[PDB]
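Enquirer:
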Amino acid sequence: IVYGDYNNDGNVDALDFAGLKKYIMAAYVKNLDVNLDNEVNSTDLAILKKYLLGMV
Amino acid sequence: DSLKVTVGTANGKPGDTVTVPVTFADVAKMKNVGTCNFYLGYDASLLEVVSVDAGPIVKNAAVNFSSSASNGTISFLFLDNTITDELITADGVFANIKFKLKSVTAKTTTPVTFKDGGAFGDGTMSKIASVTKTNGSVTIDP
Ligand SMILES: [Ca+2]
Ligand SMILES: [Ca+2]
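Residue numbers (the deposited numbering), protein chains in the order written: chain B, 3 to 28, 32 to 61; chain A, 11 to 152.
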């Protein structure tokens with residue numbers, strides 16, 4: 003139940019960013038739909054990008 | 011055994027703009043780098059960041075490399091958006107940070123540090139479990 007946590011490891015980091023990019027280049034994964042619009046697409050990737058750059 | 015990520019150093023006088031490199035080593039040994047994010051701290055009363063630019067080891071930096079700086083933290087995010095074809099495969103400079111030096115009354119060395127957070131992915135985007143991080147600094151000499 004942790005948004006952005008692609009590989010379910012308790013961290014939201016570059017590994018998740020890469021996993022999301024691969025995913026979109028290839032279904033519905035709830036914790037990857039970070040804007041809750043019932044799609045996982047490049048908008049979710051862009052949101053995760055901005056999050057990672059603003060995190061700390 | 012581990013990916014080395016090292017912040018280097020620089021020096022100058024108040025008002026100078028200096029370049030601090032961020033270097034990767036043992037890249038091939040760790041199966042290349044496909045993605046990474048990390049966070050550096052600096053003293054914002056002594057340094058202001060002017061720019062952050064990808065180094066020679068990053069291919070297609072305009073697409074694959076991003077950074078942001080705010081109030082004492084610099085963020086970095088790299089991803090090979092081709093997944094297989096623009097990996098970091100060589101040892102060398104990953105990024106160059108340009109800081110403008112602020113005023114000091116006596117010669118001072120101030121740290122540029124790794125803050126907690128982020129991860130490094132190898133050439134298959136799998137976690138690199140051992141990353142040896144070395145903090146850097148800037149020396150301001152009035
Ligand atoms: Ca994760
Ligand atoms: Ca979405």
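No residue lacks a Cβ here, since even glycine has one placed at the ideal position from N, Cα and C.
Going along chain A, which residues have a C-beta under 8 Å from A16 of chain B?
Expert: In the first sequence, counting from the first residue as 1, residue 16 of chain B sits at position 14. The answer, in chain order, is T45, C46, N47, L87, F88, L89, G128, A129, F130 and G131.
Enquirer: Who does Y49 of chain A pair with in a DSSP beta bridge?
Expert: As a working mapping, residue 49 of chain A is identified with position 39 in the second sequence. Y49 of chain A is bridged to A:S85 and A:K125.
Enquirer: Hey, could you find the ends of the beta strand (DSSP E) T19 of chain A is sitting in?
Expert: Residue numbering aside, residue 19 of chain A sits at position 9 when the second sequence is read from its first letter. Its beta strand (DSSP E) spans residues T19 to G22.
Enquirer: So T149 of chain A and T19 of chain A are supposed to be a Cβ contact under 8 Å. How far apart are they, rounded?
Expert: What you label residue 149 of chain A is simply residue 139 of the second sequence in a count that begins at 1. What you label residue 19 of chain A is simply residue 9 of the second sequence in a count that begins at 1. Going by Cβ atoms, the distance from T149 of chain A to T19 of chain A rounds to 7 Å, so yes, they are a contact pair.
Enquirer: Here's the rule: buried if 16 or more other CB atoms are within 10 angstroms of the residue's CB, otherwise exposed. What is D49 of chain B?
Expert: Position 44 of the first sequence, counted from the start, is the residue given in the question as residue 49 of chain B. Its Cβ being crowded by 16 or more others within 10 Å, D49 of chain B is buried.
Enquirer: Just the residues with CB closer than 5 Å to a heavy atom of ligand 2, in chain order, which are they?
Expert: Answer in sequence order: B:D38, B:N40, B:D42, B:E44 and B:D49.
Enquirer: How is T92 of chain A classed by DSSP in three states: helix, strand or coil?
Expert: Counting from one through the second sequence, the residue named residue 92 of chain A turns up at place 82. Reduced to three states, the DSSP call for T92 of chain A is coil.
Enquirer: Could you check whether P152 of chain A and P24 of chain A sit closer than 7 Å to each other, using their CB atoms as the reference points?
Expert: In the second sequence, counting from the first residue as 1, residue 24 of chain A sits at position 14. In the second sequence, counting from the first residue as 1, residue 152 of chain A sits at position 142. Yes, the Cβ-Cβ distance between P24 of chain A and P152 of chain A is below 7 Å.
Enquirer: Along the chain, where does the beta strand (DSSP E) containing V148 of chain A start, and where does it finish?
Expert: As a working mapping, residue 148 of chain A is identified with position 138 in the second sequence. Taken as a continuous stretch (DSSP letters only), the beta strand (DSSP E) holding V148 of chain A covers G146 to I150.
Enquirer: Does the beta-carbon of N47 of chain A, which I'm using as the reference point, lie nearer than 6 Å to any heavy atom of ligand 1?
Expert: Here the question's residue 47 of chain A lines up with position 37 in the second sequence. No; taking the cut-off as 6 Å, the Cβ of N47 of chain A has no heavy atom of ligand 1 nearer than that.
Enquirer: Is any heavy atom of ligand 1 found at a distance shorter than 6 Å from the C-beta of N36 of chain B?
Expert: As a working mapping, residue 36 of chain B is identified with position 31 in the first sequence. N36 of chain B: no, Cβ never under 6 Å from ligand 1.
Enquirer: Under 7 Å, Cβ to Cβ, is there at least one residue of chain A near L58 of chain B?
Expert: Start at 1 with the first residue of the first sequence, and residue 58 of chain B comes out as number 53. So yes, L58 of chain B belongs to the interface.
Enquirer: Kindly identify the DSSP beta-bridge partner or partners of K108 of chain A.
Expert: Position 98 of the second sequence, counted from the first residue, corresponds to residue 108 of chain A. Its beta-bridge partners are A:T29 and A:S61.
Enquirer: So, is the C-beta of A28 of chain B closer than 7 Å to a C-beta in chain A?
Expert: The residue labelled residue 28 of chain B in the question sits at position 26 within the first sequence. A28 of chain B does not count as touching chain A.
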